[PDB]
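Asker: Show me the folded form of this:
(2 chains)
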Amino acid sequence: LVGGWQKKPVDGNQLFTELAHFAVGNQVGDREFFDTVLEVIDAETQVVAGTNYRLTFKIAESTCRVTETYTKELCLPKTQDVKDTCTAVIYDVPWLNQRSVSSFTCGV
Amino acid sequence: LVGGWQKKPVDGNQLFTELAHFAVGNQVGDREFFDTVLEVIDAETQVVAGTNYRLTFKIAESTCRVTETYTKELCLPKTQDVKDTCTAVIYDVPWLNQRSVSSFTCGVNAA
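Answerer: Numbers count the residues shown, from 1 in each chain, chains lettered A, B, ... in the order given. Sharing the structure here:
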């Protein structure tokens, strides 16, 4: 789900300052020096919920070379021989079209 | 905020197949060919809510070179003189120790 944007007070919110520093400390580009925060002046927040998935599954070697772009429909199993069993943890946030794998381990 | 882990049936659930394929198709290590998914056998889920932060702030040029490490406490402003105003959106998910900047732009507003 995604919630509405809400204006918040800047006030004594340390986290705002911490998150601003986090953003501006990560802008390199074509600057000789980093810029840094003098002050925050507006602040809005928005709940954004995703789902974290822990999936266990059987794998096989596929026919696709890793140079290629993977697809379910192109990268079919060479043989119906199980190779391993694996567990993966995937965080999915459709609202921001983000999806990430945090862990992936086999020999389960 | 984080919901509880819940066991879910594999059943037909096409999302789980899509998510397994997604994970396996992003593993290129120690392998000439991608592995692919034969079948899913367990599934658990956890709602995790993060917070998206839209922050507007005034910046100054700092004393730290880009070669160096940024820290608020080391990279103090040269002068208490504004040089630009910027807006950033940051998605924070402390529960997964993920944090990301989705946009960073330096236009200023008396909107």
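Asker: Residue A:34 against residue A:26, yeah?
Answerer: No: look at residue A:34 against residue A:26 with C-beta atoms under 8 Å: they stay out of range, at 9.1 Å. Bear in mind the C-beta positions are built from the backbone N, C-alpha and C, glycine included.
Asker: Need the overlap of contacts for those two.
Answerer: Counting by C-beta atoms under 8 Å, 6 or more residues apart in numbering or on different chains, the contacts common to residue A:34 and residue A:26 are residue B:70.
Asker: Of those two, which one has the most company?
Answerer: residue A:34 (24 against 15; other C-beta atoms under 10 Å in any protein chain shown).
Asker: Whether whichever strand or helix holds the more buried one contacts chain B - can you check?
Answerer: Residue A:34 belongs to strand A:33-65 when assigned by DSSP states H and E. Yes: for strand A:33-65, a contact with chain B is found by C-beta under 8 Å from any C-beta of the partner chain, at A:33-65.
Asker: For the strand or helix carrying residue A:89, name the packing helices and strands.
Answerer: For residue A:89, the host element (DSSP H and E) is strand A:84-93. Here strand A:84-93 touches strand A:33-65, strand A:98-106, helix B:14-24, strand B:33-65, going by 3 or more C-beta pairs under 8 Å, 6 or more residues apart in numbering or on different chains; DSSP states H and E.
Asker: so what are the domain limits for chain A?
Answerer: A:6-45, A:51-106 (automatic domain parsing).
Asker: is it true that residue A:88 touches residue A:103?
Answerer: Yes: assessed by C-beta under 8 Å, residue A:88 is found in contact with residue A:103 at 6.6 Å.
Asker: Comparing the two, which residue is more hemmed in?
Answerer: Of the pair residue A:88 and residue A:103, residue A:88 is the one with more neighbours under other C-beta under 10 Å, namely 23 against 10.
Asker: mind listing what that one touches?
Answerer: Going by C-beta under 8 Å, 6+ apart, residue A:88 touches A:54-55, A:57, A:101, A:103-105, B:19-20, B:23-24.
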